[PDB]
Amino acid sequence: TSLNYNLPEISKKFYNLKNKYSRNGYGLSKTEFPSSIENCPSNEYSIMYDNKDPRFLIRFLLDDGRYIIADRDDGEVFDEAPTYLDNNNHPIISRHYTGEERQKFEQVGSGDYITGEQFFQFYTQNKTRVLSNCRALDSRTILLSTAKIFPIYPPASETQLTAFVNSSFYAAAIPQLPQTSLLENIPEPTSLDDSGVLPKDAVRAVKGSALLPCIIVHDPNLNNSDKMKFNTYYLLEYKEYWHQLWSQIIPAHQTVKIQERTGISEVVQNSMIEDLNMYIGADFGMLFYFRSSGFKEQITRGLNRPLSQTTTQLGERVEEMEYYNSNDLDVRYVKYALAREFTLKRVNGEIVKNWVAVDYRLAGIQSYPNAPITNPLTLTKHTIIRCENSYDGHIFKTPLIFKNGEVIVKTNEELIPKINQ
């Protein structure tokens, strides 16, 4: 099954934005020369308007349908400065991405779609302000937002200063989405001395993937210009595999204590936060911080992992289990739990980092000799040794039989204290 993340056309191309009514080809520019218009002062941060040195801008889609406007050459975004100009206007300036409201813009299309003569406008503050050229149509000037909105059906003269069309473009760098695959059965040991399959050698199944706009990714290896041109979107893969918890020979008719370490450590969580502003909730759902929050829904939809419903962070889980071997022989037993793996890749395929969370809720056992020679292993005692939160303080009702190769779902078993009461 192939995959499509469904980005709009304008979110896949860096476009040159020209004014619809300008006669001499004026548009959004990165010209070094200052503003030629009296009441329109320019500076180092000012977004310029000129017929030379065009800007090539991408529009990253936010979950609420608004856009982040970024520049291909320097990787900075458009920003509505809180400072005031004449007539209660705000300058539009270049700034680094922060994810604040002042960096979000609403695109509104209007005009004659039937003759292909439509145009678009950018609005802010719940459509109370429209982006406009300062005073001129065909002269070098600045860009600002005004609260003086005019009708669009008879396109006032002032409305012309707000009308944009798409011109030339550069393709963004989009990585290819991998194809999904099925999860294998829990691996069987081949002999008494076979210690099983370790995580490094475990076969992965691809279940999801999302395209992360470079602005939310912290990749120290690249500068913001190389990052925006060659790695506009990073690839975040979601995979699953059987992560071994322990492998041991259990002597005939013996009870043995085994520690089971699952979940995720704080250091790994901190790492994901640092790089992506993302981390795992105690229900194994996804949680987000400020800088990536605006894209949560698109990301999760792509990953096929749900949004978390708790505020509790997943942590390290240490449990002590007692098992009983009822066979008359000594047996090689091995237990695996479901691993949820997240991988960040660059457009070229280079792996940036991996993060693994071990889901103790889905686990199974395999043995040598196998069934029907041997009888299944039995859980006779379950104790929680160390866990920093009480999201899941439940233990299994013992005794519980672990049938070879069968997956045991903690939520479908009888627990103490009882759930679903």
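A residue's number is simply how far along the shown sequence it sits, counting from 1.
Stretches 154-162 and 329-337 differ in mean C-alpha B factor, with the higher average recorded for 154-162.
Taking the PDB entry as given, 77-85 carries the higher mean Cα B factor of the two stretches 208-216 and 77-85. Listed residues 261, 305, 129, 104 were ranked by CA B-factor as deposited; 129 comes out on top. Of all the options 178, 251, 315, 285, the entry's greatest CA B-factor is assigned to 251. For residue 41, the recorded CA B-factor ranks within the highest third of the chain. Only modelled residues enter the ranking. Per the deposited record, the Cα B-factor of residue 113 falls in the highest third when ranked against the other modelled residues of its chain. In this PDB entry, the Cα temperature factor of residue 391 sits in the middle third of its chain's modelled residues.
In this PDB entry, the Cα temperature factor of residue 26 sits in the top third of its chain's modelled residues, the highest group. Per the deposited record, the Cα B-factor of residue 371 falls in the highest third when ranked against the other modelled residues of its chain.
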